[PDB]
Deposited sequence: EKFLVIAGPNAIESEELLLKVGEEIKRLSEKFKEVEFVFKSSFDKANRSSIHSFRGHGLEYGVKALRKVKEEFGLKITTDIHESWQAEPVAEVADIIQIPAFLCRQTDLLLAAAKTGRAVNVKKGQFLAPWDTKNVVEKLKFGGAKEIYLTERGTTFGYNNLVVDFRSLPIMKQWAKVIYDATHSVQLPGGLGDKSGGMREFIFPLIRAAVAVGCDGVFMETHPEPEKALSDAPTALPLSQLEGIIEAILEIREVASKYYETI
């Protein structure tokens, strides 16, 4: 079934994760035809500034995420940044996320594959759609069974990303495709007004899921604030994508 990955960008506190986890659990009950996956980063390892929020560490992170998986029975997903983090993270994360800048780091992908968990690779902003074929092959080589590719925009001049929707059907040839509705409209080094419109485009085109970051108070997010979707808007957007998908799916091309 259709996949919806959502949660706060960073693990600002397990308190925050439980508040978002509650709303995602609720939505999960209201939309049984959808498989929800809770997402949150235990570390922002690639901030532009040394003076920005990174997180509370992997320890506190896996701890807080475990609390969500136990308290709400929601699947879990978080990103890793170096090979050694694959094993400890695999303890709670149902899906291991590979950062976009790291989509080509062979050992990170192999370490993720080895854990036996599912792997979701964010397509680098420098990568062409067809070049993801090799990414998938590395994961298969590493023993990966559940592989996802996430579209999150492509470099378009400076401090700007454009979403080439031709990548959805192209990447679908070798993996399940997820659309990152949040970071695809962010401006490197974002504009919330384009999140919903492009989400609609992604489902009209055809994808296996949507990646969507949410926060009680977006403007207060310690990371990616100008892109955080308000918690209260999640339901409406999900209902919207399901309806569009239902009608459009009739025309999705055969693999």
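Chemist: Missing C-alpha stretches, by deposited numbering?
Modeler: In sequence order, the gaps with no modelled C-alpha are 1, 191-197.
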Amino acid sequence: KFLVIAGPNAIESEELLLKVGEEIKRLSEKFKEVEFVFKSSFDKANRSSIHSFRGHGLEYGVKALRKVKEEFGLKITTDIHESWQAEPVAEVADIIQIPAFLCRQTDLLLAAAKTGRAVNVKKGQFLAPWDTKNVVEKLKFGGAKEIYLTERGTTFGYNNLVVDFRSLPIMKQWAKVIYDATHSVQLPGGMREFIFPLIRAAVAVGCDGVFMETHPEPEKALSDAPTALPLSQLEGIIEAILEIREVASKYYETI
From here on, numbers count along this sequence of modelled residues.
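Chemist: Read off the CA B-factors in the entry, average them over 150-158 and over 84-92, and name the higher stretch.
Modeler: Comparing 150-158 with 84-92, the higher mean C-alpha B-factor belongs to 84-92.
Chemist: Do the C-alpha atoms of 204-212 or of 22-30 have the higher average B factor in the entry?
Modeler: Mean C-alpha B-factor is greater for 22-30.
Chemist: In the PDB entry, which of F72, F126, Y179, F165 has its C-alpha at the highest B-factor?
Modeler: That would be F72, according to the entry.
Chemist: Looking at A45, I195, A64, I50, which has the biggest Cα B factor in the entry?
Modeler: That would be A64, according to the entry.
Chemist: Taking the C-alpha B-factors as the PDB entry records them, is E235 in the lowest, middle or highest third of its chain?
Modeler: Middle third, going by the recorded CA B-factors of the chain.
Chemist: Among all modelled residues of this chain, ranked by Cα B factor, put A144 in the bottom, middle or top third, i.e. lowest, middle or highest.
Modeler: Highest third, going by the recorded CA B-factors of the chain.
Chemist: Using the B-factor values recorded in the entry, state whether the Cα atom of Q97 falls in the lowest, middle or highest third among the modelled residues of its chain.
Modeler: Within its chain, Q97 is a lowest-third residue by C-alpha B-factor, going by the deposited values.
Chemist: Could you look up the Cα B-factor of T115 in the entry and say which third of the chain it sits in: lowest, middle or highest?
Modeler: Ranked within chain, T115 CA B lands in the highest tercile.
Chemist: Could you look up the Cα B-factor of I11 in the entry and say which third of the chain it sits in: lowest, middle or highest?
Modeler: Answer is middle: the recorded C-alpha B-factor places it there.
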